[PDB]
Amino acid sequence: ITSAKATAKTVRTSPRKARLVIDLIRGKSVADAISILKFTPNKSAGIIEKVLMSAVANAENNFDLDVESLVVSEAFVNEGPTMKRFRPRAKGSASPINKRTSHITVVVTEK
Amino acid sequence: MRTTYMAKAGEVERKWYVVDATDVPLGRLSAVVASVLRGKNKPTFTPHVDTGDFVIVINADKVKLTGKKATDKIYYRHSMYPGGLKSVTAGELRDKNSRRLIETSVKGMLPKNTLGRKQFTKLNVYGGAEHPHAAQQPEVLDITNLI
Amino acid sequence: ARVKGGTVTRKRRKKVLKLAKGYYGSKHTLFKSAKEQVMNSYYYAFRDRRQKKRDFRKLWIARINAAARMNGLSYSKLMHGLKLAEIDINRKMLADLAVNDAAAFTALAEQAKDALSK
Amino acid sequence: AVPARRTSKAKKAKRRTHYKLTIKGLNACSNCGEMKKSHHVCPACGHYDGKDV
Amino acid sequence: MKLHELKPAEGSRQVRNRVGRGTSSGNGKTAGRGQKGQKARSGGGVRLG
Amino acid sequence: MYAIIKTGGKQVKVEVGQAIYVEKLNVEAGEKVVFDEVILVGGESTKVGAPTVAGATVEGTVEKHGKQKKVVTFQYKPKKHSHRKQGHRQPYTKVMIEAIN
RNA sequence: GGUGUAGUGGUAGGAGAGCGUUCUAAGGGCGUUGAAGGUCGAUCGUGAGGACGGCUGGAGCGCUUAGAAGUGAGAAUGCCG
RNA sequence: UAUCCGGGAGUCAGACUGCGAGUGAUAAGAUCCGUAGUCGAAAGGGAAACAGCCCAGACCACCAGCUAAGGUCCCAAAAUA
RNA sequence: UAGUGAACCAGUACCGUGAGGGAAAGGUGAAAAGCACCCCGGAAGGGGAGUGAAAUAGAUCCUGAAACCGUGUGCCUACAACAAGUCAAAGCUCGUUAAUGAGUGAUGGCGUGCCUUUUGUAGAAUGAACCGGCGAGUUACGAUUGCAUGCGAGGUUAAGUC
Ligand SMILES: [K+]
Ligand SMILES: [K+]
Ligand SMILES: [K+]
Ligand SMILES: [K+]
Ligand SMILES: [K+]
Ligand SMILES: [K+]
Ligand SMILES: [K+]
Ligand SMILES: [Mg+2]
Ligand SMILES: [Mg+2]
Ligand SMILES: [Mg+2]
Ligand SMILES: [Mg+2]
Ligand SMILES: [Mg+2]
Ligand SMILES: [Mg+2]
Ligand SMILES: [Mg+2]
Ligand SMILES: [Mg+2]
Ligand SMILES: [Mg+2]
Ligand SMILES: [Mg+2]
Ligand SMILES: [Mg+2]
Ligand SMILES: [Mg+2]
Ligand SMILES: [Mg+2]
Ligand SMILES: [Mg+2]
Ligand SMILES: [Mg+2]
Ligand SMILES: [Mg+2]
Ligand SMILES: [Mg+2]
Ligand SMILES: [Mg+2]
Ligand SMILES: [Mg+2]
Ligand SMILES: [Mg+2]
Ligand SMILES: [Mg+2]
Ligand SMILES: [Mg+2]
Ligand SMILES: [Mg+2]
Ligand SMILES: [Mg+2]
Ligand SMILES: [Mg+2]
Ligand SMILES: [Zn+2]
């Protein structure tokens, strides 16, 4: 009743690289987090920004919370399903390639 | 019953002793001082807790070296660079840096661990008969019978 | 009549892991490393249940020696004197008195010195 | 050369200690008050040094 | 006798001994065959006589 | 006041109103037990048994009989495909000290 | 069952006695008022191991006696994931 | 305790130490025997560390005691006897 | 991971010039009642609202272990040389199958993994990246010995018929 969460599942991005941007914004006011994500050039910044804006929209529309008070109480990236691929190498062999996916969760609380 | 007394850090009082090294063999002085620093002279001795007393050594320049140790006892140390072995005779150490002589002797007799190094810090050596620790109200510690 | 692996294997390995709880990283997480460390822990524990008695007797002897020196006597002289005086108080009780009841330990030392003199 | 021993989680995390991002130079824009990078045009209002561009 | 209380005569039946099922059983690992040699191989041993 | 008594091949310090754990005593719970081998009595004065204080005794009541935490003896020799596991729970008697004489 | 005496390191290996797994028969039971399974716990036995409670789970499963084995894994540059 | 009768094995690479010989050079942690011990298959204490040396054979619990080899100024228990 | 290679569009996909070789892959719910409508988003995916007994049963759908990854934090950690434990232990934190409790642990003592093969291995000899599953003295017919049962100078049926 005081918090709202948004999740983006099976997003094609490195969980570790995404966790870098998530560490930037964790435990910050929603406005500060939005600014940080907008000015971060890393790819996951935009995806995390969409999830954060979705969470804020949930907090407002679904639960009628005060936007100005909102802060990023929790945020994390879990590993998702990994697609298997193969890259040919020299001398007629192949090496596996792990195309990773991420479950990005953002939880925003009133205070 | 598991009732053996175990000392705690800070509860036990550490006194301050003054030891005169004048014409006392280096090793025997170091041995008595090492026991005192470890706290082996007090019933409350606890091996895993520091319980010994501070020691101030005076007249370190007059410590005794029997035999030819003054010229033949050689202290080595390696810089860890190739061919980086350095030496200095015990007599030269006594003449120039007596504090180092006593401290090296006592280091050898203290345990080689965290507690041992902390106990070593409680040592204070001074060539000459005067020390700056009058504020600690140290008391003389006769050792003639302890050596 | 086929008997598949079932749950017995998991039960056994989980027992080992619970014993290994608190170990560093893989030593508490992985069954094989956990079992090896638990075996070494058993070896050390059996050995230490015997070393522990040695260590405490050693500690009591040291404390009794300090108290005896303060009373004007060596540990060896004190024990010999107590044996002569027929005192059977053991080293655990002697060290306890030295730390706690200095007066009682002093009385014991006086009796030991008297026996030695005789 | 190949890793003689696998890298444990603790050592791996220690090495990644310094593998972190940073965000610097953000401060309020004069024209609209939104956050902007210093010495850069405020992307929202397109103003810099108090003028539109 | 009752089917829920059957009881063989004492010593009439014994338990089969299974080898290669742990060290503490006394027949683990080598299964009582020893170490190496011809008799330690599957189908090992020389013909009778 | 306090006493030191000989019990179970070991010497224990005892004070009135204190519970002590000793090797199993062949006595029922809630029954009186008397330790008649007092090797010392201390307090305001000191009585030193040589080896035992004459006519000195300590009284107690057997509160409980119990078993200590299990001890596991696991003997094995590396590379010799051999191990032996054993459990133990030493019985004990908890006795409350009532009187020291 | 009690007292006494003596004994109780152990590889190859021999002997004895047991734990646990799946299934069969009989008897006696347990389960949408929650089985098996999973997970947690500071529980019991001399050992393999056995209970009990919380949570998860959603339909089968113990117990006693006897019987039959695809009956116990940590290693095989083992196989598959 | 020995025989005998029968069921089941494993073993046929040994090592060192002391003593008595050979081969060797009166060398080898060499080699080959005889003999005794230990290791092998033996944990514990001493020899700094150190399978084979010295003392000694772990069924277990104890924050009890006496000793063996070896030790008692400090590391480090015990004599600055 | 069993059972036919194949419980499923399998001798298929795939591999090979060809003969030939040859897989993986079962489970929503009683019933699709398979999430109308609204909100963020380009979508994907979510948050509400609903269906349902249950949606952390939402189609990667029963259960959902371990490795592996991540979040939060009760305790410890930047003078320390560590087969990582064990024995002793202050401090701090917590209150259990209520037990002479639990977690963590400054500090001190002791201490060179497991397996294989060896006279001898911490071994700078061998094997294991980790976790999970599978994976090795069995059966048939005979021989012989022990144990047990029935009968006993006797014992016993085989094929075959019902
Ligand atoms: K055999
Ligand atoms: K393997
Ligand atoms: K010989
Ligand atoms: K479900
Ligand atoms: K953690
Ligand atoms: K330690
Ligand atoms: K090699
Ligand atoms: Mg090519
Ligand atoms: Mg298995
Ligand atoms: Mg002893
Ligand atoms: Mg059978
Ligand atoms: Mg055997
Ligand atoms: Mg094995
Ligand atoms: Mg083999
Ligand atoms: Mg061989
Ligand atoms: Mg053989
Ligand atoms: Mg079942
Ligand atoms: Mg099997
Ligand atoms: Mg495996
Ligand atoms: Mg030789
Ligand atoms: Mg061998
Ligand atoms: Mg030995
Ligand atoms: Mg060995
Ligand atoms: Mg024995
Ligand atoms: Mg003695
Ligand atoms: Mg000493
Ligand atoms: Mg669930
Ligand atoms: Mg599921
Ligand atoms: Mg330093
Ligand atoms: Mg520090
Ligand atoms: Mg060799
Ligand atoms: Mg390897
Ligand atoms: Zn602006």
# chains A, B, ... in the order shown; residues from 1 in each chain; ligands from 1

call {"tool": "residues_near_ligand", "arguments": {"ligand": "ligand 20", "cutoff": "9 Å", "atoms": "only C-alpha atoms (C1' of nucleotides) and all ligand atoms", "output": "list in words"}}
result
residues 15, 16, 29, 30 and 31 of chain H

call {"tool": "write_last_selection", "arguments": {"atoms": "C-alpha atoms (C1' of nucleotides)", "output": "PDB file, in the first residue's frame"}}
result
ATOM      1  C1'   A H  15      61.877 -50.131   3.599  1.00  0.00           C
ATOM      2  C1'   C H  16      64.996 -48.575   7.335  1.00  0.00           C
ATOM      3  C1'   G H  29      69.557 -43.490   1.441  1.00  0.00           C
ATOM      4  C1'   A H  30      74.210 -49.211  -2.782  1.00  0.00           C
ATOM      5  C1'   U H  31      73.423 -54.548  -3.296  1.00  0.00           C
TER       6        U H  31
END

call {"tool": "interface_residues", "arguments": {"of": "chain D", "to": "chain A", "cutoff": "9 Å", "atoms": "only C-alpha atoms", "output": "VMD selection string"}}
result
chain D and resid 19 to 23 26 34 to 37

call {"tool": "residues_near_ligand", "arguments": {"ligand": "ligand 15", "cutoff": "10 Å", "atoms": "only C-alpha atoms (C1' of nucleotides) and all ligand atoms", "output": "PDB file with C-alpha atoms (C1' of nucleotides), in the first residue's frame"}}
result
ATOM      1  CA  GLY E  34      43.325 -57.973  -3.435  1.00  0.00           C
ATOM      2  CA  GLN E  35      45.508 -55.616  -5.446  1.00  0.00           C
ATOM      3  CA  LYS E  36      46.206 -56.181  -9.145  1.00  0.00           C
ATOM      4  CA  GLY E  37      47.330 -59.546 -10.504  1.00  0.00           C
TER       5      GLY E  37
ATOM      6  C1'   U H  11      50.549 -62.391   0.142  1.00  0.00           C
ATOM      7  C1'   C H  12      55.274 -63.891  -3.936  1.00  0.00           C
ATOM      8  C1'   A H  13      57.845 -54.873  -5.495  1.00  0.00           C
TER       9        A H  13
ATOM     10  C1'   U I 118      53.422 -47.310  -3.498  1.00  0.00           C
TER      11        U I 118
END

call {"tool": "residues_near_ligand", "arguments": {"ligand": "ligand 28", "cutoff": "12 Å", "atoms": "only C-alpha atoms (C1' of nucleotides) and all ligand atoms", "output": "MDAnalysis selection string"}}
result
(chainID G and resid 57) or (chainID I and resid 27:28 55:64)

call {"tool": "residues_around", "arguments": {"residues": "residue 52 of chain D", "least_positions_apart": "5", "cutoff": "12 Å", "atoms": "only C-alpha atoms (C1' of nucleotides)", "output": "ChimeraX atom specification"}}
result
/D:30-32,41-47

call {"tool": "write_last_selection", "arguments": {"atoms": "N, CA, C and O atoms", "output": "mmCIF file, in the first residue's frame"}}
result
data_model
loop_
_atom_site.group_PDB
_atom_site.id
_atom_site.type_symbol
_atom_site.label_atom_id
_atom_site.label_comp_id
_atom_site.auth_asym_id
_atom_site.auth_seq_id
_atom_site.Cartn_x
_atom_site.Cartn_y
_atom_site.Cartn_z
ATOM 1 N N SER D 30 20.186 26.367 -15.068
ATOM 2 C CA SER D 30 19.655 27.684 -14.739
ATOM 3 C C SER D 30 18.284 27.903 -15.365
ATOM 4 O O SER D 30 17.368 28.412 -14.710
ATOM 5 N N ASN D 31 18.123 27.521 -16.632
ATOM 6 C CA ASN D 31 16.936 27.922 -17.377
ATOM 7 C C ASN D 31 15.688 27.214 -16.861
ATOM 8 O O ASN D 31 14.666 27.856 -16.595
ATOM 9 N N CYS D 32 15.752 25.891 -16.715
ATOM 10 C CA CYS D 32 14.591 25.090 -16.363
ATOM 11 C C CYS D 32 14.715 24.386 -15.022
ATOM 12 O O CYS D 32 13.712 23.859 -14.529
ATOM 13 N N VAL D 41 25.112 21.513 -22.982
ATOM 14 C CA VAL D 41 23.791 22.089 -23.189
ATOM 15 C C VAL D 41 22.762 21.249 -22.450
ATOM 16 O O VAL D 41 22.745 20.017 -22.564
ATOM 17 N N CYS D 42 21.897 21.908 -21.689
ATOM 18 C CA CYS D 42 20.806 21.217 -21.018
ATOM 19 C C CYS D 42 19.942 20.540 -22.075
ATOM 20 O O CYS D 42 19.249 21.228 -22.834
ATOM 21 N N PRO D 43 19.949 19.210 -22.165
ATOM 22 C CA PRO D 43 19.194 18.555 -23.247
ATOM 23 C C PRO D 43 17.708 18.873 -23.248
ATOM 24 O O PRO D 43 17.102 18.898 -24.325
ATOM 25 N N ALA D 44 17.095 19.115 -22.089
ATOM 26 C CA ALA D 44 15.658 19.378 -22.073
ATOM 27 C C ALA D 44 15.324 20.721 -22.716
ATOM 28 O O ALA D 44 14.616 20.771 -23.729
ATOM 29 N N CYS D 45 15.822 21.824 -22.155
ATOM 30 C CA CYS D 45 15.492 23.139 -22.695
ATOM 31 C C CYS D 45 16.438 23.574 -23.802
ATOM 32 O O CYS D 45 16.192 24.607 -24.434
ATOM 33 N N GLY D 46 17.509 22.824 -24.054
ATOM 34 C CA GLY D 46 18.435 23.220 -25.094
ATOM 35 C C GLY D 46 19.126 24.536 -24.829
ATOM 36 O O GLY D 46 19.702 25.121 -25.750
ATOM 37 N N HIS D 47 19.084 25.021 -23.592
ATOM 38 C CA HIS D 47 19.711 26.280 -23.216
ATOM 39 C C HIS D 47 21.091 26.005 -22.635
ATOM 40 O O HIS D 47 21.298 24.999 -21.950
#

call {"tool": "interface_residues", "arguments": {"of": "chain I", "to": "chain A", "cutoff": "10 Å", "atoms": "only C-alpha atoms (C1' of nucleotides)", "output": "ChimeraX atom specification"}}
result
/I:38-41,44-49,60,68-72

call {"tool": "residues_near_ligand", "arguments": {"ligand": "ligand 30", "cutoff": "9 Å", "atoms": "only C-alpha atoms (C1' of nucleotides) and all ligand atoms", "output": "ChimeraX atom specification"}}
result
/I:77-80

call {"tool": "write_last_selection", "arguments": {"atoms": "N, CA, C and O atoms (P, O5', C5', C4', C3', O3' and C1' of nucleotides)", "output": "PDB file, in the first residue's frame"}}
result
ATOM      1  P     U I  77      36.952  -6.751  14.301  1.00  0.00           P
ATOM      2  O5'   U I  77      37.555  -6.915  12.836  1.00  0.00           O
ATOM      3  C5'   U I  77      38.555  -7.885  12.568  1.00  0.00           C
ATOM      4  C4'   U I  77      38.850  -7.986  11.093  1.00  0.00           C
ATOM      5  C3'   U I  77      39.307  -6.710  10.405  1.00  0.00           C
ATOM      6  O3'   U I  77      40.680  -6.427  10.613  1.00  0.00           O
ATOM      7  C1'   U I  77      37.650  -7.767   9.093  1.00  0.00           C
ATOM      8  P     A I  78      41.171  -4.915  10.855  1.00  0.00           P
ATOM      9  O5'   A I  78      41.705  -4.459   9.427  1.00  0.00           O
ATOM     10  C5'   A I  78      42.764  -5.158   8.791  1.00  0.00           C
ATOM     11  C4'   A I  78      43.380  -4.345   7.682  1.00  0.00           C
ATOM     12  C3'   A I  78      44.017  -3.028   8.092  1.00  0.00           C
ATOM     13  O3'   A I  78      45.339  -3.202   8.569  1.00  0.00           O
ATOM     14  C1'   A I  78      42.691  -2.736   6.132  1.00  0.00           C
ATOM     15  P     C I  79      45.682  -3.044  10.129  1.00  0.00           P
ATOM     16  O5'   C I  79      47.085  -3.784  10.278  1.00  0.00           O
ATOM     17  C5'   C I  79      47.263  -5.104   9.777  1.00  0.00           C
ATOM     18  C4'   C I  79      48.403  -5.820  10.460  1.00  0.00           C
ATOM     19  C3'   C I  79      48.542  -5.552  11.956  1.00  0.00           C
ATOM     20  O3'   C I  79      49.031  -6.723  12.605  1.00  0.00           O
ATOM     21  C1'   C I  79      50.517  -4.895  10.856  1.00  0.00           C
ATOM     22  P     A I  80      48.031  -7.703  13.392  1.00  0.00           P
ATOM     23  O5'   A I  80      47.526  -8.713  12.271  1.00  0.00           O
ATOM     24  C5'   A I  80      48.339  -9.800  11.858  1.00  0.00           C
ATOM     25  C4'   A I  80      47.977 -10.266  10.472  1.00  0.00           C
ATOM     26  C3'   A I  80      48.930 -11.272   9.841  1.00  0.00           C
ATOM     27  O3'   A I  80      48.635 -12.599  10.241  1.00  0.00           O
ATOM     28  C1'   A I  80      48.431  -9.540   8.290  1.00  0.00           C
TER      29        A I  80
END

call {"tool": "select_by_dssp", "arguments": {"residues": "chain A", "states": "helix (DSSP H, G or I)", "output": "ChimeraX atom specification"}}
result
/A:15-25,30-39,43-62

call {"tool": "write_last_selection", "arguments": {"atoms": "C-alpha atoms", "output": "PDB file, in the first residue's frame"}}
result
ATOM      1  CA  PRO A  15      23.382  -8.981 -15.700  1.00  0.00           C
ATOM      2  CA  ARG A  16      26.733  -7.664 -14.465  1.00  0.00           C
ATOM      3  CA  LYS A  17      26.697  -4.592 -16.712  1.00  0.00           C
ATOM      4  CA  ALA A  18      23.095  -3.901 -15.702  1.00  0.00           C
ATOM      5  CA  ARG A  19      23.998  -4.268 -12.024  1.00  0.00           C
ATOM      6  CA  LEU A  20      26.536  -1.459 -12.427  1.00  0.00           C
ATOM      7  CA  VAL A  21      23.818   1.042 -13.351  1.00  0.00           C
ATOM      8  CA  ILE A  22      21.458  -0.391 -10.718  1.00  0.00           C
ATOM      9  CA  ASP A  23      24.092   0.219  -8.039  1.00  0.00           C
ATOM     10  CA  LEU A  24      24.273   3.841  -9.202  1.00  0.00           C
ATOM     11  CA  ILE A  25      20.575   4.503  -8.552  1.00  0.00           C
ATOM     12  CA  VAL A  30      13.164   9.089  -7.828  1.00  0.00           C
ATOM     13  CA  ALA A  31      14.102  12.438  -9.370  1.00  0.00           C
ATOM     14  CA  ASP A  32      17.813  11.894  -8.717  1.00  0.00           C
ATOM     15  CA  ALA A  33      17.625   8.367 -10.132  1.00  0.00           C
ATOM     16  CA  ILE A  34      15.913   9.624 -13.290  1.00  0.00           C
ATOM     17  CA  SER A  35      18.643  12.212 -13.856  1.00  0.00           C
ATOM     18  CA  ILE A  36      21.429   9.681 -13.274  1.00  0.00           C
ATOM     19  CA  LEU A  37      19.917   7.172 -15.702  1.00  0.00           C
ATOM     20  CA  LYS A  38      19.285   9.825 -18.356  1.00  0.00           C
ATOM     21  CA  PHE A  39      22.923  10.965 -18.320  1.00  0.00           C
ATOM     22  CA  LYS A  43      22.978   0.606 -22.579  1.00  0.00           C
ATOM     23  CA  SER A  44      21.162  -0.685 -19.498  1.00  0.00           C
ATOM     24  CA  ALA A  45      20.494   2.884 -18.333  1.00  0.00           C
ATOM     25  CA  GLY A  46      17.553   3.319 -20.691  1.00  0.00           C
ATOM     26  CA  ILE A  47      16.093  -0.089 -19.866  1.00  0.00           C
ATOM     27  CA  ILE A  48      16.397   0.549 -16.126  1.00  0.00           C
ATOM     28  CA  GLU A  49      14.877   3.985 -16.695  1.00  0.00           C
ATOM     29  CA  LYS A  50      11.839   2.454 -18.393  1.00  0.00           C
ATOM     30  CA  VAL A  51      11.413   0.014 -15.505  1.00  0.00           C
ATOM     31  CA  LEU A  52      11.752   2.834 -12.975  1.00  0.00           C
ATOM     32  CA  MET A  53       9.212   5.002 -14.795  1.00  0.00           C
ATOM     33  CA  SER A  54       6.877   2.006 -14.959  1.00  0.00           C
ATOM     34  CA  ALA A  55       7.274   1.525 -11.205  1.00  0.00           C
ATOM     35  CA  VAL A  56       6.530   5.200 -10.558  1.00  0.00           C
ATOM     36  CA  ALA A  57       3.447   5.033 -12.775  1.00  0.00           C
ATOM     37  CA  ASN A  58       2.316   2.008 -10.764  1.00  0.00           C
ATOM     38  CA  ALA A  59       2.867   3.831  -7.474  1.00  0.00           C
ATOM     39  CA  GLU A  60       0.798   6.771  -8.724  1.00  0.00           C
ATOM     40  CA  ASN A  61      -2.011   5.300 -10.824  1.00  0.00           C
ATOM     41  CA  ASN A  62      -2.508   1.950  -9.094  1.00  0.00           C
TER      42      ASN A  62
END

call {"tool": "atom_distance", "arguments": {"atom1": "atom CA of residue 81 of chain C", "atom2": "atom CA of residue 60 of chain C"}}
result
17.4 Å

call {"tool": "residues_around", "arguments": {"residues": "residue 25 of chain I", "least_positions_apart": "4", "cutoff": "12 Å", "atoms": "only C-alpha atoms (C1' of nucleotides)", "output": "PyMOL selection string"}}
result
chain I and resi 6-8+10+13

call {"tool": "interface_residues", "arguments": {"of": "chain G", "to": "chain F", "cutoff": "7 Å", "atoms": "only C-alpha atoms (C1' of nucleotides)", "output": "ChimeraX atom specification"}}
result
/G:11,46-47

call {"tool": "write_last_selection", "arguments": {"atoms": "C-alpha atoms (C1' of nucleotides)", "output": "PDB file, in the first residue's frame"}}
result
ATOM      1  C1'   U G  11      45.861 -52.186   5.234  1.00  0.00           C
ATOM      2  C1'   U G  46      27.110 -46.608  19.633  1.00  0.00           C
ATOM      3  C1'   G G  47      27.038 -46.512  13.686  1.00  0.00           C
TER       4        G G  47
END

call {"tool": "residues_near_ligand", "arguments": {"ligand": "ligand 6", "cutoff": "12 Å", "atoms": "only C-alpha atoms (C1' of nucleotides) and all ligand atoms", "output": "VMD selection string"}}
result
(chain B and resid 48) or (chain C and resid 44) or (chain I and resid 82 84 to 89 105 to 111)

call {"tool": "residues_around", "arguments": {"residues": "segment 6-21 of chain F", "least_positions_apart": "5", "cutoff": "8 Å", "atoms": "only C-alpha atoms (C1' of nucleotides)", "output": "ChimeraX atom specification"}}
result
/B:1 /C:89-90,93 /F:1,35,37-39,92-100 /H:64 /I:100

call {"tool": "residues_around", "arguments": {"residues": "residue 20 of chain C", "least_positions_apart": "6", "cutoff": "7 Å", "atoms": "only C-alpha atoms (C1' of nucleotides)", "output": "ChimeraX atom specification"}}
result
/C:28,34,38

call {"tool": "residues_near_ligand", "arguments": {"ligand": "ligand 22", "cutoff": "8 Å", "atoms": "only C-alpha atoms (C1' of nucleotides) and all ligand atoms", "output": "PyMOL selection string"}}
result
chain H and resi 42-44+51

call {"tool": "select_by_dssp", "arguments": {"residues": "chain B", "states": "strand (DSSP E or B)", "output": "JSON, numbers by chain"}}
result
{"B": [16, 17, 18, 19, 20, 25, 54, 55, 56, 57, 58, 64, 74, 75, 76, 77, 78, 85, 86, 87, 88, 89, 123, 124, 125, 126, 139, 140]}

call {"tool": "interface_residues", "arguments": {"of": "chain C", "to": "chain I", "cutoff": "8 Å", "atoms": "only C-alpha atoms (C1' of nucleotides)", "output": "list in words"}}
result
residues 24, 30, 36, 37, 40, 41, 44, 45, 48, 49, 51, 52 and 55 of chain C

call {"tool": "write_last_selection", "arguments": {"atoms": "N, CA and C atoms", "output": "PDB file, in the first residue's frame"}}
result
ATOM      1  N   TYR C  24      34.529 -21.830   5.264  1.00  0.00           N
ATOM      2  CA  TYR C  24      34.826 -20.731   4.350  1.00  0.00           C
ATOM      3  C   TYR C  24      34.389 -21.101   2.937  1.00  0.00           C
ATOM      4  N   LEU C  30      29.915 -26.840  -0.992  1.00  0.00           N
ATOM      5  CA  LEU C  30      30.056 -27.967  -1.903  1.00  0.00           C
ATOM      6  C   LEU C  30      30.256 -29.254  -1.119  1.00  0.00           C
ATOM      7  N   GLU C  36      35.474 -33.482   2.932  1.00  0.00           N
ATOM      8  CA  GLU C  36      36.894 -33.546   3.252  1.00  0.00           C
ATOM      9  C   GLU C  36      37.214 -32.697   4.473  1.00  0.00           C
ATOM     10  N   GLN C  37      36.671 -31.479   4.529  1.00  0.00           N
ATOM     11  CA  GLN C  37      36.945 -30.610   5.666  1.00  0.00           C
ATOM     12  C   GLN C  37      36.316 -31.150   6.941  1.00  0.00           C
ATOM     13  N   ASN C  40      38.579 -33.863   8.275  1.00  0.00           N
ATOM     14  CA  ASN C  40      39.706 -33.246   8.962  1.00  0.00           C
ATOM     15  C   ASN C  40      39.267 -32.651  10.292  1.00  0.00           C
ATOM     16  N   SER C  41      38.057 -32.093  10.342  1.00  0.00           N
ATOM     17  CA  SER C  41      37.555 -31.546  11.596  1.00  0.00           C
ATOM     18  C   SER C  41      37.382 -32.643  12.634  1.00  0.00           C
ATOM     19  N   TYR C  44      40.857 -33.487  13.861  1.00  0.00           N
ATOM     20  CA  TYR C  44      41.332 -32.445  14.761  1.00  0.00           C
ATOM     21  C   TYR C  44      40.588 -32.472  16.089  1.00  0.00           C
ATOM     22  N   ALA C  45      39.274 -32.702  16.053  1.00  0.00           N
ATOM     23  CA  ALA C  45      38.496 -32.698  17.287  1.00  0.00           C
ATOM     24  C   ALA C  45      38.905 -33.834  18.213  1.00  0.00           C
ATOM     25  N   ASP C  48      42.219 -32.943  19.645  1.00  0.00           N
ATOM     26  CA  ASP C  48      42.172 -31.807  20.556  1.00  0.00           C
ATOM     27  C   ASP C  48      41.485 -32.143  21.870  1.00  0.00           C
ATOM     28  N   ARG C  49      40.563 -33.109  21.874  1.00  0.00           N
ATOM     29  CA  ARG C  49      39.969 -33.525  23.137  1.00  0.00           C
ATOM     30  C   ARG C  49      41.006 -34.122  24.073  1.00  0.00           C
ATOM     31  N   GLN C  51      44.487 -32.966  23.611  1.00  0.00           N
ATOM     32  CA  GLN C  51      45.398 -31.843  23.796  1.00  0.00           C
ATOM     33  C   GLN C  51      44.822 -30.828  24.769  1.00  0.00           C
ATOM     34  N   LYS C  52      43.494 -30.777  24.885  1.00  0.00           N
ATOM     35  CA  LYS C  52      42.862 -29.776  25.734  1.00  0.00           C
ATOM     36  C   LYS C  52      43.236 -29.994  27.192  1.00  0.00           C
ATOM     37  N   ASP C  55      46.757 -28.739  27.674  1.00  0.00           N
ATOM     38  CA  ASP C  55      46.857 -27.284  27.680  1.00  0.00           C
ATOM     39  C   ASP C  55      46.407 -26.690  29.007  1.00  0.00           C
TER      40      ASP C  55
END

call {"tool": "decode", "arguments": {"residues": "segment 33-51 of chain G", "atoms": "C-alpha atoms (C1' of nucleotides)", "output": "PDB file, in the first residue's frame"}}
result
ATOM      1  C1'   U G  33      -8.846 -31.301   9.311  1.00  0.00           C
ATOM      2  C1'   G G  34      -3.291 -31.981   3.882  1.00  0.00           C
ATOM      3  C1'   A G  35       0.367 -37.986   1.747  1.00  0.00           C
ATOM      4  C1'   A G  36       4.882 -38.245  -0.764  1.00  0.00           C
ATOM      5  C1'   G G  37       8.431 -34.724  -1.927  1.00  0.00           C
ATOM      6  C1'   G G  38      11.199 -29.896  -0.749  1.00  0.00           C
ATOM      7  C1'   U G  39      13.138 -26.560   3.137  1.00  0.00           C
ATOM      8  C1'   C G  40      14.408 -24.929   8.316  1.00  0.00           C
ATOM      9  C1'   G G  41      15.203 -26.217  13.458  1.00  0.00           C
ATOM     10  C1'   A G  42      19.080 -25.625  19.142  1.00  0.00           C
ATOM     11  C1'   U G  43      16.033 -33.496  18.572  1.00  0.00           C
ATOM     12  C1'   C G  44      17.233 -39.175  19.604  1.00  0.00           C
ATOM     13  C1'   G G  45      20.497 -43.581  19.036  1.00  0.00           C
ATOM     14  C1'   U G  46      27.110 -46.608  19.633  1.00  0.00           C
ATOM     15  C1'   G G  47      27.038 -46.512  13.686  1.00  0.00           C
ATOM     16  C1'   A G  48      24.833 -46.763   9.299  1.00  0.00           C
ATOM     17  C1'   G G  49      20.613 -43.577  10.631  1.00  0.00           C
ATOM     18  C1'   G G  50      15.162 -42.408  13.306  1.00  0.00           C
ATOM     19  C1'   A G  51      11.596 -39.013  15.053  1.00  0.00           C
TER      20        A G  51
END
